[PDB]
Structure formats: structure tokens, C-alpha cells
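4 is the number of the first residue of the sequence shown in PDB author numbering; add one for each residue after it.
The C-beta atom is built at its ideal place from N, Cα and C for all residues, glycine as well.
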Amino acid sequence: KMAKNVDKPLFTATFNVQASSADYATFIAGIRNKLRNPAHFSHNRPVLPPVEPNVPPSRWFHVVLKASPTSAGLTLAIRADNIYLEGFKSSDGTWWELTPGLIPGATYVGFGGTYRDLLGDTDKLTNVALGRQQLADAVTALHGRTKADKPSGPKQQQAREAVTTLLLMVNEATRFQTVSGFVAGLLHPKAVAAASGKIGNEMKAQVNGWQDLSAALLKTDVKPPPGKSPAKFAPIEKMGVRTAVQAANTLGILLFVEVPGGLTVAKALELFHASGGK
Ligand SMILES: Nc1ncnc2[nH]cnc12
């Protein structure tokens, strides 16, 4: 069935694309903070609540990206359970969606939301230029989209690149301190030359293995069976992550994963609701 409450965000995070590096870090930190299950941290990193079983996706938040403090922003509709971008709202009021039939009253943008859909391959992630101008152009491209505009291959290619830019600079930055830190480091005052950069293979591997890295750290919290030794972190070498300390410094917020001996979906949602979570 269709998603619910896409129009009723649990919170809205706003960033002015011309704002400082520190304000970008505050913006990303605040998203993580509002997404977290207050009852579930791992090594002092927040864990998302589980995905609600046996209902359509019904927990959403909004990100608003502004070209200026007084500009109307581009609104992104993102799932609050797995931080998946599914919709965006252009200046003419049109909700555009990345999955056909998912969001009530939305218009399908013409391409899917996966990196395979956007890039052709999750390996081209290391080709995406990240920076302040790239962010501004991305907001402009998507915010400027109009329903009435006739179909265009070049316009589609622009939109795909724009969505990819935001996924890395918003969604992946939320998920990963490596990514958020990399992006914040490219953001400078106007007295500094315009800058951009591209992620390396470690951050590409992290982005492509968010569930794996999350589960790997979560397993370390599991109380060990009688007669056996407590679980040690298992390095994911492609991610450049070899210790739990490195995992914690890497993870911005963990995807909930059921690991043997860990919290179940039901139990983790129970603790989430008990701590005031919605
Ligand atoms: N639409 C999307 N939202 C979040 N992460 C993604 N990774 C690939 N596609 C994504």
C-alpha cells in the first residue's frame, strides 16, 4: 500500500546552503539526534528505531534546503526509520517521488532512487563532486522542476545528478561521521576559493555497507553466552574500519539490525515507545 504521514513529518531540519561548516555540522547532528531511539545507543552512537513491521512506511521527516535565509527551500521527504529519500517538493508545489505509487498525490520523477538507478552502478559514487556549489546547483535544479515542463533527457540527467548530490551530502552524511566530516571540510567562508572533492574507496564501502557496519558494532554489545568469550569487533577491511572504536567514530547513526542475542524489532520498538519515541 501507499506510505502514510509523508505530509506529517516528525520533525523538519533546515540548512541554508551558504551557511558555515559549523552550521552544517550542527544541522547533520540535529538530524541524528531527532532520529535516534533514546533507549538504544551503541558505543555512544545513536541507533534508529526498528522499521515498524506489518504496516506501510508511516514515519517521515523533512529536510529543507535553502539557497538563502529568506529563500523558500527545497523540501525533502525522507523515511525516519532508514533515512531513505523518497520524495522532494519543487517551488510550484509539486511533490515528486522516486518510487511509483508510493506517496499519495505525488508525481513520479521518471527514475528510481537507488544508486544503480541514479548512477548506473554503486561504484560511481567516487565520481560525484561534493561541495557548496554542487549543493546549491542541486537544490536549484530540483526546486526549479515544474510539472508542466515537457519530458527531457538532459533535464532527467541533471535531476539524477542532483538527487545523487543530496543523498551524499544529506542522507549519507547523516549516516556516517566520515562522510559528514568530509563534506564539512569542503565548506569554507566566501573569502576562500570555491572548493569540491570526491570520496575515497573507504567511504564508498561504508556507504554501500551501512547495514553490515551497523550489525558489526551491534554484535559487540551482545552479552556473551556462558562458557564463551565476549564478542570482539570483526573488521570490515574495505571500509578501513578495524576496531569498535573506529566503527563508533565512523557511524553517524546506526540502522537497526536484528543480531543474534540482541534486541528484536518488537522489543526495540517497545523501548523506543517507552522512552517517548514516535
Ligand atoms: N534514495 C536513497 N535514500 C537514501 N540512501 C540511499 N542510497 C541509495 N539510494 C538512496
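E273 and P52 have their C-alpha atoms spaced approximately 10 Å apart. A residue is called buried once 16 or more other Cβ atoms fall within 10 Å of its Cβ, and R245, having fewer, is exposed.
Remark: the C-beta of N174 is in contact range of ligand 1, defined as less than 7 Å to any heavy atom. Taking one beta carbon from each stretch, the region 59 to 79 and the region 19 to 26 have 3 or more pairs nearer than 8 Å; the two touch.
About 7 Å separates the Cβ atoms of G212 and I239, confirming a contact at the 8 Å cut-off. Annotation for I86 indicates a beta carbon within 7 Å of some heavy atom of ligand 1.
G116 has its Cβ nearer than 7 Å to a heavy atom of ligand 1. Excluding its 5 nearest sequence neighbours in each direction, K7 has C-beta neighbours in its own chain below 7 Å: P59, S61, listed in chain order.
With a cutoff of 8 Å on beta-carbon distance, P41 and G188 are scored as not near each other.
Minimum Cα-Cα distance from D126 among the listed residues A75, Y118, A132 corresponds to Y118. The criterion of a C-beta distance shorter than 8 Å is satisfied by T177 and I86. Distance from the Cα of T15 is smallest, within the candidate group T168, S93, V54, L77, for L77.
Ranked by Cα distance from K11, the first of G33, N57, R82, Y27 is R82. Scanning its chain for C-beta atoms nearer than 6 Å, with the 5 sequence neighbours on each side dropped, one finds around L190 the residues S24, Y27, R135, in chain order. Remark: the C-beta of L101 is in contact range of ligand 1, defined as less than 7 Å to any heavy atom. Annotated as proximal: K207 and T129, with beta-carbon spacing under 8 Å. Residue state for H65 is assigned as strand, using DSSP reduced to three classes. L145 has its Cβ no nearer than 7 Å to any heavy atom of ligand 1. Excluding residues up to 5 positions away in sequence, nothing lies with its Cβ nearer than 6 Å to the Cβ of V195 in the same chain. For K226, the closest alpha carbon among the candidates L145, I106, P263 is that of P263. In the structure shown, the three-state DSSP call for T17 is strand.
Cβ-Cβ separation between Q209 and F179: approximately 6 Å, consistent with a contact (criterion under 8 Å). For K7, no alpha helix (DSSP H) encloses it, and the DSSP letter there is neither H nor E. Of the candidates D124, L101, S45, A109, the residue whose Cα lies closest to the Cα of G115 is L101.
Taking 7 Å as the cut-off, the C-beta of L105 does not count as close to any heavy atom of ligand 1. Counting every other CB atom within 10 Å of its CB across the protein chains shown gives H43 a total of 16 or more, marking it as buried.
The alpha-carbon separation between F275 and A269 amounts to approximately 10 Å.
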